[PDB]
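**Student:** I'd like to ask you about the structure that follows.
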Ligand SMILES: *[C@@H]1O[C@H](CO)[C@@H](O[C@@H]2O[C@H](CO)[C@@H](O[C@@H]3O[C@H](CO[C@H]4O[C@H](CO)[C@@H](O)[C@H](O)[C@@H]4O)[C@@H](O)[C@H](O)[C@@H]3O)[C@H](O)[C@H]2NC(C)=O)[C@H](O)[C@H]1NC(C)=O
Ligand SMILES: *[C@@H]1O[C@H](CO)[C@@H](O[C@@H]2O[C@H](CO)[C@@H](O[C@@H]3O[C@H](CO)[C@@H](O)[C@H](O)[C@@H]3O)[C@H](O)[C@H]2NC(C)=O)[C@H](O)[C@H]1NC(C)=O
Ligand SMILES: *[C@@H]1O[C@H](CO)[C@@H](O[C@@H]2O[C@H](CO)[C@@H](O[C@@H]3O[C@H](CO)[C@@H](O)[C@H](O)[C@@H]3O)[C@H](O)[C@H]2NC(C)=O)[C@H](O)[C@H]1NC(C)=O
Ligand SMILES: *[C@@H]1O[C@H](CO)[C@@H](O[C@@H]2O[C@H](CO)[C@@H](O)[C@H](O)[C@H]2NC(C)=O)[C@H](O)[C@H]1NC(C)=O
Ligand SMILES: *[C@@H]1O[C@H](CO)[C@@H](O[C@@H]2O[C@H](CO)[C@@H](O)[C@H](O)[C@H]2NC(C)=O)[C@H](O)[C@H]1NC(C)=O
Ligand SMILES: *[C@@H]1O[C@H](CO)[C@@H](O[C@@H]2O[C@H](CO)[C@@H](O)[C@H](O)[C@H]2NC(C)=O)[C@H](O)[C@H]1NC(C)=O
Ligand SMILES: *[C@@H]1O[C@H](CO)[C@@H](O)[C@H](O)[C@H]1NC(C)=O
Ligand SMILES: *[C@@H]1O[C@H](CO)[C@@H](O)[C@H](O)[C@H]1NC(C)=O
Ligand SMILES: *[C@@H]1O[C@H](CO)[C@@H](O)[C@H](O)[C@H]1NC(C)=O
Ligand SMILES: *[C@@H]1O[C@H](CO)[C@@H](O)[C@H](O)[C@H]1NC(C)=O
Ligand SMILES: *[C@@H]1O[C@H](CO)[C@@H](O)[C@H](O)[C@H]1NC(C)=O
Ligand SMILES: *[C@@H]1O[C@H](CO)[C@@H](O)[C@H](O)[C@H]1NC(C)=O
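Rendered as structure tokens:
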């Protein structure tokens, strides 16, 4: 069910949060690599050098994006969590509408664009909040 | 020893899980340190492009496998731990021994053989349990 | 503001930590990605096999250093954080600077140099401490 | 009040460019199987996306540009280690070539030439038959000739034991990406699609090469579909997908003997020896009826974008290189060029069979590139192949009193792959997102 | 009740096929390619109570060994001078020496070669081994090199050394090399003395056909290893517990002539030999050979029954690559007639020396590939090798009648690399695992 | 009371070496190889209270660009035409222009070459600079190309432009570039006004032997840099705070003849001379040269003594590349006699004749020789001299003689990267604190 129920609802994404998270990384590139190695194609990967560098480019870029995502979750205090909440309040300027009017009345792929240009500000607030929280926990450690 | 007690007993072997996880990346950094000490070696092995593609593939595959394991830990709520417990019960369908029959009197290799076909089921159940726990936590924060 | 607090005294760099955590990975890597993606860089430089192999190697090594650092944070416990304490007492014999000058009148560069040759000892202590802590938690739950 | 929540593993995507990889099913030395080493899924899956719509643009699809680049890279890679015919450029005594009882063969010449051998200091006189389309005359009033290549670049002979029979190739995303396939039957490109599914690999596309007609492709589910980047601008090409194929036969009937020469240290050069049997000519046989109903349905569907009372005329290509003027294609390893005059000479207002003459040319300026020309090796025996026309490439001439003329035109190989790639779109998963909540962080 | 607990960092592993790398410690190829330094103090760690199944004829490391070495030979020859301009008709006569002594095996051949200016040629003279030259046609002093009808040839660079050196083969991270220490191991089955290691003990890339040279000795007695002792189709590897000294030589003092091919291309050949000619040969101690052959015969009796007759005969047939014992001696290539060895009868079971006449060749088709030949440069002076025989490659006949006759084998160098790597296996670590425990997560 | 705490993201670093990325802004070669923008880098981060030791004589960046430029050069020449069939016997004579006026250079040579048909040769004529050709055993009217006993030569493709452009070298992730801003810094030692950047400024990969061209204008003061000012082994670099204008020119207007070698293979040589005969030369302002040398001598006196006498003498000997001022101008290759500059002594409208040659062993390599194609039309170029390469010989007390030695090729670029250092970020650190982990 990869991308399953992508058009259903953002409120009840639920198990889908698992499904995507395990099909965007090595959990499938292992299958790709075993398939690649299976006919002993390595000589081709060596002879057709350009194809080899292209494959390595694809793999390293996928790895880089996954680490992108893990670092951004980690710096926000959300390491190892699929759903995580913060203390940063929601702004009125970020397409404010009542949850009765959007929650379970609107799905992902329909409203991500409605919070474009505010990705960076949200990210900055999350990092600042996490850093302040960590410093406060340090100071409380008498 | 590095793989000491691998064929002796599970309980004593499980005490030192640090060394394996460390070596999974310390081997890579040590080998690249060996290369960095000799830039002419890097230069020749660069000119020998085939060897370059071979070992670049090997290194990225090692990184891939490590991230595979790390993200599998992440979805199971066990990120940042070598030892962790869940709330998934043990199914008698695959093994019926008691703890004294496995944590003593049997080896980790034997254990790998013992539950070789049960373990994927454990992956599924751990994923669902962690997702349910996360939704419960989200609803709890009132 | 990368490295903006490098010459500031220790503690002044705490609030800048989030800035310094970025650009090791995923701060410069995606910038370089898009910058190379726009002009199909490496795509028309695939024929320059040496150049492609060098750039792929450099990106891989950035990735590997990031994994090494994150994993060493993992094996010491309390990873996913820019700030965390342990339960290991400080061995004053390393510097004997039992002063408030650990948070004043001295920069992080100078301190890293001053205790540059006790790095491995601290690491081993943290390793053993986390091992004991994990086993203790497992026993407490059981 | 409301607060921020961060979700990871969200099901969204954005349009993206990325390298792909190619896979094929397991099966002498077919290059397609070799390059697309990766085996395909024995049980390919498809996930229907309920209540999802997405914009597709078949003229800006990065798939086709990757197609062109990968296919040319493979062709160069395949020719790179093969025998070189570089020293084969010398003065040739050519005369009329004859078969059996000294009967003249139109379009061939028996050429004698001096060629090297194993030892650099030894030469020998050798004979071979060549097609007129591969030879140019040095002196207009004498029998000295050379190969047309000799003033552009050295030619490489394709390896004689390497098959170039197209095989279905499935095109798969790397991790973090996905392929979105339209399931709207009448989808004309450049717009939204409502019935969409996610896949990991395409259905399997045969990298067939053609200039005027689309061969061995997929048929339209509904009626005949006409696609264009700009329907009103006549400069753009027009792709027509048929919902019923046309079965065409093509043949090089003459039974030819093949000869081989040792031109160097391990370098073998193959050529057409003498010939036997009666004189016969290469051609393409087409069922006249099926062609006429196909073209009739095509004009009926053209009248959806052009006027009901508009005159629709069909003329051959005005002119240009042999590659684009003719219908050019591969038949069993040989290269055919057919006039198609009998297919596109008609006007449309409100038992029988046809035959196109065809020419054979062994020197191929593949991908209309200057230099790096290929020598297609000779093929022993008699060549017969059968192909399904699934679609047509048409260019338009307008500026007339409610009349529109159409010609084959085409020649851009990209459009061929567009005929099997308009359905697909590459996208990048963006698993990170945020949302408002009634909840709050603790501690 | 019992609940799942998840463990990371587990000490378990699986059989795996992975890519290794090579590290080893005058332009030696081996030092250059395996430029990664080796561990001065490798730390073997005995795994108590661990057992592991080995099968050296399924050991994937030999394939990686083979590919890496052939890649090294191909790459080292990549920038070296081509000798294609030399493939010209040769005017040859019997070579001679001081006092007009008729030399056996050589030919004084003269040839017209292109000088630095391509429009000018010069007559040059050089000595060659008759085994590398074949009569051009019929019976005329006109002669050619054997390669000229197979492939272009590259001379190995004279400034590049190919002396074997020990090479340690190291796993990447996440893989470990399991070493079996059972001194009596027969190459297949369980091993109950298993240790982990990072890199192999150091294997010298020696290339030989019949007798295994410079290798490691068996810790126990002489071991005879073969997948099926009953099925004589398989080869049989003899790993000795005692080595035999062998002294080989090309004794004649020769000089080298340096001829220009082109602007930066120089061909090298034997200009002259001084005199007092004698044949190149190898020498073996008689008593040592008899005792070694007796001990291996005892082991063959152990396998095939005490009252069974045993016999040794020379090779049954084939080219020099398999009929003779071939080896590289300082860059020159020896092929020695082992008929003087393996000529014996053994039924229930001399201070001289055995002499082996040795043909010598400069033209080598290494690894028995068609084409890609290599020309060994000449060496001035006198050539002497000293080597340790540590094992044998045998094959068994099907005569029966209570007699098992044995012959020299060879022809597949992979056995040579395997002979040394019998006790090593590569395994992938699997850090993940699960188990039951007496407690659950608090949640 | 103190307890261990681990910090991730500490702003500290160590020295290191790494492949830096190259970026820049018929076809220019660097623009294609370094085909990545450098526009969105307007800012730098000043570092308050940092001191770092630079050593411009141990930069790995200079070595990196040396290997990168040679790699680019080899790659760019790799697909271009080969000229092996031109290595034939040449029947040669004196060339002429206008009313049969003999040319000082320009040996006019005829040669039999194979055409598109292997069984067909033709006589073709071409003019060559006398420096590219060597006589065959002293025989009259018999000559060969200078290459023919070393290696096959490659013709640089005429359509590629080897004009240098500004190049920026950018750190990969986890690395940073430290730039000294002490305007009086002498290339070595501590610098306490340092700014971190992601990319360098624009340095043009210029090639030159003894004079330093098209560089930055040092700092406000003229700076002389040396790994050891006393030792005579080390090259001395002089960095001028004012540029000196030089106008170099090949005045001879000539036709370019285009000969077919083979299928898709073309050779280009100098054909008929159009104008009158004039030597190739460079113009330098005499006065400007005088005060520039005076200022440099003053700065030298600050090292070698106020009462010391300082003189400049020509380069003693060596190949053209050692003694002549070698460079590119409009795609052609000049080698100029600098004896008219470095002839002076100090107690307290200059015209350099210039030779032109088309076959160059760049970087003094054996083989891999490059054949520069001809350029139809007069060539005139203008350059800024920003620095000098000086070789000290030593000798008698209070006598300091310097010569315009070519130095190493790397010294052409050490002169530009002396401000820069590469550092590896070390995000991890540890410290004591009053705080201890709970439980
Ligand atoms: C569109 O798809 C059609 C199939 O639906 C294609 O028709 C097929 O075309 C191939 C290629 O010509 C035919 O292949 C046959 O293969 C046998 C096997 O020969 C083998 O041995 C000979 C020994 O000399 C060797 O030369 C070959 O390479 C093989 O190794 C040949 O003997 C036959 O002559 C023939 O070539 C298929 O038979 C044919 N299918 C049918 C049903 O006839 C068609 O080519 C496709 N269109 C395009 C443009 O590619
Ligand atoms: C392994 O087999 C090889 C031949 O296949 C044997 O080669 C010989 O090894 C000895 C080692 O001491 C070489 O000695 C030295 O060779 C250099 C070469 O220039 C020479 O300059 C020295 O004066 C000294 O002689 C010997 O040359 C070499 N044979 C030849 C023809 O070069 C080797 O002995 C066998 N054993 C081992 C352990 O490698
Ligand atoms: C130092 O910098 C100056 C100024 O940029 C360089 O002058 C430039 O020299 C080149 C080569 O001669 C000129 O290119 C030429 O342009 C003409 C006209 O388009 C063209 O016909 C030639 O084929 C060639 O491409 C360039 O225009 C000229 N630019 C200016 C403004 O003077 C000088 O070459 C540099 N010298 C060094 C040492 O890098
Ligand atoms: C190339 O030439 C070699 C040598 O001239 C040929 O090798 C001969 O092969 C036959 C096979 O029966 C043997 O009987 C001869 O003894 C071999 N050597 C001689 C003296 O000819 C080889 O067959 C030729 N092959 C090709 C493809 O050229
Ligand atoms: C130390 O370095 C800083 C830059 O990091 C210098 O500041 C520059 O000063 C010049 C003076 O003309 C200004 O034009 C620049 O805009 C300034 N840049 C920045 C970023 O401040 C400062 O002058 C240097 N001081 C020393 C001691 O050299
Ligand atoms: C270089 O030499 C060639 C060969 O002589 C000159 O070309 C021609 O020479 C003949 C006389 O041998 C004249 O009759 C032609 O008119 C010349 N034609 C050309 C190309 O001018 C060529 O002129 C000489 N070039 C120079 C500069 O002296
Ligand atoms: C699509 O919309 C219909 C509308 O009734 C709804 O029933 C269905 O659940 C939606 N699909 C998904 C996957 O939620
Ligand atoms: C191996 O088994 C024996 C059994 O007595 C035990 O004493 C020993 O500790 C075991 N080895 C290890 C490494 O635990
Ligand atoms: C193709 O579409 C036309 C539309 O008029 C229809 O008449 C015809 O039956 C269709 N043929 C097939 C095979 O679907
Ligand atoms: C070799 O040259 C001599 C020179 O007189 C000639 O007599 C002889 O026939 C030649 N032999 C061959 C095989 O060309
Ligand atoms: C060229 O002219 C000079 C004038 O001194 C003369 O010495 C020389 O011999 C001439 N050479 C030719 C080739 O005419
Ligand atoms: C040199 O520069 C001075 C500056 O005043 C100028 O007057 C003089 O004419 C210049 N001479 C040359 C050589 O151009």
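Residue numbers (this note's numbering), protein chains in the order written: chain A, 1231 to 1372; chain B, 1231 to 1372; chain C, 1231 to 1372; chain D, 14 to 456; chain E, 672 to 1114; chain F, 228 to 666.
Even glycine gets a Cβ: it sits at the ideal position worked out from N, Cα and C.
1) What residues come near ligand 10, if near means a beta carbon less than 5 Å from any of its heavy atoms?
2) Could you tell me whether the stretch 1317 to 1329 of chain C touches the stretch 1092 to 1111 of chain E, where touching means 3 or more Cβ pairs closer than 8 Å?
3) Evaluate contact between the stretch 1233 to 1250 of chain A and the stretch 1288 to 1295 of chain A, counting only Cβ atoms and requiring at least three cross-stretch pairs below 8 Å.
4) Tell me which residue opens and which closes the alpha helix (DSSP H) that residue 309(F) is part of.
5) Extract the residue ranges of the beta strand (DSSP E) inside the stretch 390 to 415 of chain F, only unbroken runs of 3 or more that lie entirely within it.
6) Taking 6 Å as the limit between beta carbons, can you name the residues of its chain near residue 631(F), skipping five residues before and five after?
7) Listed by chain order, which residues have C-beta atoms less than 6 Å from any heavy atom of ligand 1?
8) Check the Cβ of residue 594(F) against every Cβ in chain E and list those closer than 7 Å, keeping chain order.
9) At a Cβ threshold of 9 Å, is residue 1363(C) touching chain E?
10) Ligand 8 heavy atoms versus the CB of residue 720(E): any closer than 8 Å?
11) Can you tell me whether residue 1241(A) sits near ligand 7, meaning its C-beta is under 8 Å from at least one heavy atom of the ligand?
12) Within the same chain, show all residues whose beta-carbon is closer than 6 Å to that of residue 367(D), passing over the 5 residues directly before and after it, in chain order.
13) Determine which residues of the stretch 155 to 185 of chain D have a Cβ less than 7 Å from any Cβ of chain F, and write them out in chain order.
14) When you compare the CB of residue 1109(E) with every CB in chain C, is at least one pair closer than 9 Å?
15) Is any heavy atom of ligand 4 found at a distance shorter than 8 Å from the C-beta of residue 821(E)?
16) Taking 9 Å as the threshold (beta carbon to beta carbon), is residue 1287(C) in contact with chain E?
17) Taking residue 117(D) as the reference, which of 339(D), 152(D) and 142(D) has the closest Cα?
**Tutor:** Reading it off the structure:
1) 762(E), 812(E) and 813(E)
2) no
3) Touching, no, given that fewer than three Cβ pairs across the two stretches are closer than 8 Å.
4) Walking along the sixth chain from the start, residue 309(F) turns up at place 82. No alpha helix (DSSP H) contains residue 309(F), which DSSP labels as neither H nor E.
5) Entirely contained in the stretch 390 to 415 of chain F, the beta strand (DSSP E) runs reaching 3 residues are, in chain order, 395 to 397 and 402 to 407.
6) Within the sixth chain, the letter at position 404 stands for residue 631(F). Excluding sequence neighbours, residue 631(F) sits near 437, 542, 565 and 569.
7) 41(D), 176(D), 178(D), 179(D), 221(D), 228(D), 229(D), 342(D), 343(D), 345(D), 398(D), 399(D) and 400(D)
8) Working through the sixth chain from its first residue, we reach residue 594(F) at position 367. Those are 935, listed as they occur along chain E.
9) Here residue 1363(C) refers to the residue found at position 133 when the third chain is read from its first residue. Chain E, which has no Cβ nearer than 9 Å to the Cβ of residue 1363(C), makes this no.
10) Looking up residue 720(E) in the fifth chain gives position 49. It does: the Cβ of residue 720(E) is within 8 Å (strictly closer) of some heavy atom of ligand 8.
11) Start at 1 with the first residue of the first chain, and residue 1241(A) comes out as number 11. No.
12) Your numbering for residue 367(D) matches position 354 in the fourth chain. The residues are 299, 301 and 355.
13) 159, 162, 163, 164, 165, 166 and 167
14) Position 438 of the fifth chain, counted from the start, is the residue given in the question as residue 1109(E). It does; some Cβ of chain C falls within 9 Å.
15) Start at 1 with the first residue of the fifth chain, and residue 821(E) comes out as number 150. Answer for residue 821(E): yes, Cβ within range of ligand 4.
16) Here the question's residue 1287(C) lines up with position 57 in the third chain. No, no contact with chain E.
17) Against the fourth chain, residue 117(D) aligns to sequence position 104. Selected option, being the one with the closest Cα: 142(D).
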